Number of protein chains: 2
Amino acid sequence: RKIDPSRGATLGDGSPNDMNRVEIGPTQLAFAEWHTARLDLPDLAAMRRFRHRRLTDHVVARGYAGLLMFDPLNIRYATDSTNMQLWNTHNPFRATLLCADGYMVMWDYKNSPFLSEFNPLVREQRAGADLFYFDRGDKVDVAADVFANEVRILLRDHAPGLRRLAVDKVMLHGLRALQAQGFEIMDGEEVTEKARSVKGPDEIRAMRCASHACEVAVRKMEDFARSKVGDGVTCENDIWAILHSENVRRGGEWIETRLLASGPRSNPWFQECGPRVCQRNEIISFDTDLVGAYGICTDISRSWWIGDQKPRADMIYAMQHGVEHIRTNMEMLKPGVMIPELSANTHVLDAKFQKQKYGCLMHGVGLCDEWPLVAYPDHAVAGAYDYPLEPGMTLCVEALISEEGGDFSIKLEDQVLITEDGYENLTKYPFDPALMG
Amino acid sequence: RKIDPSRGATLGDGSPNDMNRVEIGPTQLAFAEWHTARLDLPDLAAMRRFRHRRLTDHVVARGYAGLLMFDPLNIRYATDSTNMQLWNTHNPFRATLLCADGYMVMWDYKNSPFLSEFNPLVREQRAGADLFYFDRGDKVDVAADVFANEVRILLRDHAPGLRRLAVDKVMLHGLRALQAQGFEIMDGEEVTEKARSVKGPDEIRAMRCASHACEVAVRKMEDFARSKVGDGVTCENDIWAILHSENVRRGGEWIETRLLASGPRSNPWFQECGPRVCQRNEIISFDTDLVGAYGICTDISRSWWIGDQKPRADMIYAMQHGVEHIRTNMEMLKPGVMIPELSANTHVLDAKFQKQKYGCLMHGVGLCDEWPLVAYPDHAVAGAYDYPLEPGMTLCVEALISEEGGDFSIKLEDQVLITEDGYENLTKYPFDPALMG
Ligand SMILES: [Fe+3]
Ligand SMILES: [Fe+3]
Ligand SMILES: [Fe+3]
Ligand SMILES: [Fe+3]
C-alpha cells in the first residue's frame with residue numbers, strides 16, 4: 001500500500017513509498033502543491049549525509065573527541081530523527097554522540113529505539129541518557145555515571161587519546177559525571193550553530209519546499225481573516241488557528257511563538273495572540289516563526305489591513321518604510337561581507353521608529369532561528385560575530401516599524417539565501433496592497 | 001471595549017475585562033462552554049499567590065538562598081507569564097529568580113519587559129539573562145558575569161548569608177559565572193517538581209476548565225474522523241489538525257508529542273502522526289499530551305474504531321483489558337500511599353502485553369507531564385520516589401495494551417485528582433462503544 005502508487009519503491013525524496021512506514025514527512029497535499037509549483041524534492045539520504053559530514057568536519061577542525069547533543073533541534077540536525085520533539089525541548093530524555101571519526105550513537109527513549117533506524121548514519125540505538133528529576137527521582141547520579149562511562153568507552157574507541165567533549169546543553173548531574181570520566185567539556189552550541197550555518201544543495205531544496213507550504217498556509221489564514229473579520233466573534237486565536245491546522249495538514253511540526261496581534265495590541269510588539277475579537281479597519285500583524293515541512297523553519301512576517309476604508313496615512317508610511325528597510329538591507333547580502341559590516345551599514349530607520357525597533361536586522365534560519373544574529377549598530381557587540389557570509393547561508397531580513405506609544409506596528413520579514421554572486425529572496429508572499437497604498 | 005460587556009471591571013477569573021489588555025487567556029468560546037458546564041473559574045491572582053507561597057516555602061524548607069529558573073515551564077509556574085514559550089524551551093533568553101524572602105525578579109527578552117507586569121509578585125523586570133551562542137556569539141562570558149553579579153547582589157539583600165542557589169537548568173557559561181560569585185549550585189528541578197506536585201484550590205478549578213476544553217476539542221476531532229475516514233484522502237495529520245485548531249480556539253498553547261497513529265502504525269507505540277491516509281475498519285489510537293487553557297496540561301489517551309464491521313475480538317479484549325488496568329490502579333489512589341506501593345500493587349497485564357507496556361502506570365501532570373513517575377515493578381528504582389501521595393496531587397493513569405509483533409495498540413489514559421478521602425477522576429471522555437463491545 002503506497003503513499004504514491006504512481007511511483008516505485010521510493011518517493012521522489014528517496015523515502016520509502018509505503019503508507020505503513022515508520023517515517024513521517026510531507027503529506028500528499030504538500031507533495032501535490034510542490035509538483036504544481038515545479039519544486040525539486042530534497043534527496044533525504046544525501047541531505048542527512050551532508051549534515052553528518054559537515055558536523056563531523058566541525059568536530060575534527062576543532063580537535064575535539066566528539067560532540068554530545070541533548071537539544072532536540074541539534075539532534076534533528078545530526079540525525080533527522082524526531083521523537084516527541086516539544087516534550088524533548090524541556091525534558092532531556094535523548095542524546096546523540098558524534099565521535100571524531102564520524103561514528104554516531106543515539107540514546108533514545110527506553111521504549112522507542114526504532115525511531116532513528118531509518119538513518120543508518122545512526123550506528124547504535126541505546127537508552128538511559130535521561131538524567132532529570134522527573135525521569136529518575138532521587139536516583140539520577142547512578143544513571144549519570146552509567147551513561148558517562150558509555151561515552152568514555154565510545155570515545156576511547158572512536159576518538160583515542162582525545163579529552164575534549166563539546167556538549168550543547170546538559171543537566172548538572174550529567175556534567176559532573178562526564179567531568180569525572182576525565183572529559184574537558186567544551187561549548188557544543190558554537191559547534192552546532194556554525195555547522196547549521198551553511199545549508200547543502202538538498203537542505204536548500206527542502207527549504208524551498210517548506211517555504212512554499214508555509215506561504216500556502218498563510219494565504220489560507222488570510223482568506224479566512226478577510227472573510228470573517230467584522231462578524232463580532234472571530235478572535236486573534238481563531239485566525240491563528242488556521243496557520244496551525246494548515247501547517248500540520250502539510251506535514252509541519254509546530255509554531256515557536258504567539259506573534260499574531262490585532263488592533264492596538266500590536267504596539268508594543270511581542271504581545272501574544274489571544275481572545276481579542278478582531279475588527280474591521282484594523283491592522284493585523286503577525287510573524288509565522290514556523291517549523292514546517294521536512295522540519296524546516298519558515299520565519300516570515302506580514303501586516304494586513306482588513307476593512308473597506310483606506311488605512312491611516314501613518315500606516316501606509318510605516319509599511320512602505322519597512323519594505324524599504326528590508327529591501328535595502330537585503331541588497332547588502334553577498335559572500336565575504338562580515339556580519340558587523342551588515343550592522344554598520346544598515347538602512348537607518350526614522351527617528352520615531354528607532355526606540356522600538358527589532359532586536360536585530362537579520363538572523364540565521366534553518367530548523368528554527370539560528371546563528372548568526374545581526375544586531376543594529378547601537379546594540380552590536382564588538383568581537384561577537386567576526387565572520388564572513390558564505391554561500392548556502394540562509395537569513396531572515398527583519399523590519400519592525402513601531403511608533404513609541406503608538407497605535408499599531410508594522411512587522412515585515414523575508415527569508416533569503418546567500419548564493420555565489422549575491423542573494424536570492426526565497427519569500428514570494430505579497431505585501432498588503434492597501435497598506436502599500 | 002470589554003471581553004465580557006455582561007460584567008464589570010474584571011472577568012469571572014479576576015483578569016481585566018478589556019479586549020485590548022496585554023494578558024491572554026481563554027476565549028469567549030471557552031468561557032461560554034464552561035459556563036454551560038457550570039464550572040467555577042479560577043481566581044488567577046489567588047492561584048498565582050498560592051504558587052509563589054508554595055515555591056517560596058520550598059526554597060526556605062531547604063535552607064537555600066534562592067531558586068533561579070530558566071525552564072519556561074518553571075517560569076510559568078512561578079510567574080504565570082508566557083513569552084514565546086516554545087522558542088524559549090530551546091533558546092534560554094528568560095530567567096526568574098525567587099529569593100528566600102519571596103522577592104522575585106524576571107530577566108525577560110530585551111524588548112518585552114511588559115509581559116510579566118500583570119503579576120505584581122514579579123517585583124522587577126530586567127534583561128540580559130540570555131547566555132547562549134545564538135544571542136551573544138563569542139561574547140557570552142562578559143554577559144554571564146554581569147548577570148551573575150546581579151544575582152549575587154539580589155541575594156545579599158534578600159537572602160543575606162546564604163550561599164546555596166538551586167538552578168533548574170543553566171548554560172555552562174552561566175554555571176561557571178554563578179560559581180565564581182561563590183554560589184553553591186543545587187538541583188532546581190527537585191525544588192520545582194516538588195512544588196508543582198501539589199495543586200491549590202484555584203489550580204484545581206483551572207484544570208477542570210482546561211480538561212473540559214481539551215475534551216471538547218477531542219470530540220471535534222472524533223466528529224471529523226468518523227465523518228471523513230474512508231474518503232481515501234484524509235490522513236493522520238488531517239485528523240490531528242482538528243485537535244491543534246480546536247485547542248487554540250479555546251486559548252490552548254501547544255501539543256507536546258505527535259502521538260496519533262492509525263492502523264498498523266500504532267504497534268509498536270510511539271510512531272508519530274503523519275501522512276498515512278486512514279482507512280475504514282482500523283483503530284486510530286492517540287494521546288492528547290496537550291497544553292491547553294490557562295496553560296494547564298490535559299494528557300489523555302483514547303483508541304477509536306471507525307468502520308461498519310465489528311472490530312476483531314483481540315481489539316475488544318485489549319480495550320477491555322486497558323480499561324480494567326486503569327480502573328484497578330486508580331482504585332489504589334489515596335493520600336498516604338507511597339509511590340512504590342503503587343508500583344508493587346499494580347494490576348498485572350497479561351503476558352502478551354508485558355513486553356511492550358508503557359514506561360509507567362502513572363505520572364504527575366500540571367503545566368505538562370510532571371513528577372512523580374510511577375514505574376511498573378520490573379523497572380521501579382528502589383529509593384528513587386520514597387514519598388506519600390498528598391491531597392491536591394493530580395496524576396494521569398496509563399494503559400498501553402500492545403501485542404509484541406502485533407497489529408495495533410490500545411492506548412488509554414485518564415487524569416485524576418487526589419482528594420482527602422481518595423481520588424476523583426477528572427476525565428469524562430467516553431470509551432469507544434464498538435471497541436468496548
Ligand atoms: Fe520571525
Ligand atoms: Fe525573525
Ligand atoms: Fe499521555
Ligand atoms: Fe501520560
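We name chains A, B, ... by the order of the sequence lines, and we start the count at 1 in each one.
- Classification of the B:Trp371-B:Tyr387 ring pair by plane angle, with boundaries at 30° and 60°, yields perpendicular.
- Ion pair B:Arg302/B:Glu222 not flagged as a salt bridge, since none of the NZ, NE, NH1 or NH2 atoms sits closer than 4.0 Å to an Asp/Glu carboxylate oxygen.
- Not counting sequence neighbours, B:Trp269 has no partner by the ring-ring contact (aromatic ring centres under 6.0 Å, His included) test.
- In this structure, a donor-acceptor pair under 3.5 Å is absent between the side chains of A:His90 and B:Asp71.
- Side chains of B:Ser116 and B:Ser81: a donor-acceptor N/O pair is absent below 3.5 angstrom, by distance only.
- A salt bridge does not link B:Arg54 to B:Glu203: none of the charged nitrogens lies less than 4.0 Å from a carboxylate oxygen.
- Side chain to side chain, B:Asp168 and B:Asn74 meet the donor-acceptor criterion of an N or O pair below 3.5 Å.
- Ring geometry, A:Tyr109 versus A:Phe93: the interplanar angle exceeds 60°, so the pair is classed perpendicular (tilted spans 30 to 60°).
- When the options B:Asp289, B:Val248, B:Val291 are evaluated for a side-chain contact (heavy atoms from CB on, under 4.5 Å) with B:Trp254, the one that passes is B:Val291.
- Between the side chains of B:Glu256 and A:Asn91, no donor-acceptor pair of N or O atoms lies under 3.5 Å.
- A salt bridge links B:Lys194 with B:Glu190: the closest approach of a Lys/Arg side-chain nitrogen to an acidic carboxylate oxygen falls below 4.0 angstrom.
- A side-chain donor-acceptor contact under 3.5 Å links A:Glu272 and B:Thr82.
- Between B:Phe286 and B:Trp240, the gap from one ring centroid to the other reaches at least 6.0 Å.
- Between the side chains of B:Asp299 and B:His363, at least one donor N or O lies within less than 3.5 Å of an accepting N or O.
- Centroid-to-centroid, the aromatic rings of B:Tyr385 and A:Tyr133 stay 6.0 Å apart or farther.
- Residues B:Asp108 and B:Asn83 bring a donor and an acceptor atom of their side chains to less than 3.5 Å of each other.
- Classification of the B:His321-B:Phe353 ring pair by plane angle, with boundaries at 30° and 60°, yields tilted.
- Side-chain polar atoms of B:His347 and B:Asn329 form no donor-acceptor pair below 3.5 angstrom.
- Contact check on B:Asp314 versus B:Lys352 returns no salt bridge, with no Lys/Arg side-chain nitrogen under 4.0 Å from an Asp/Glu carboxylate oxygen.
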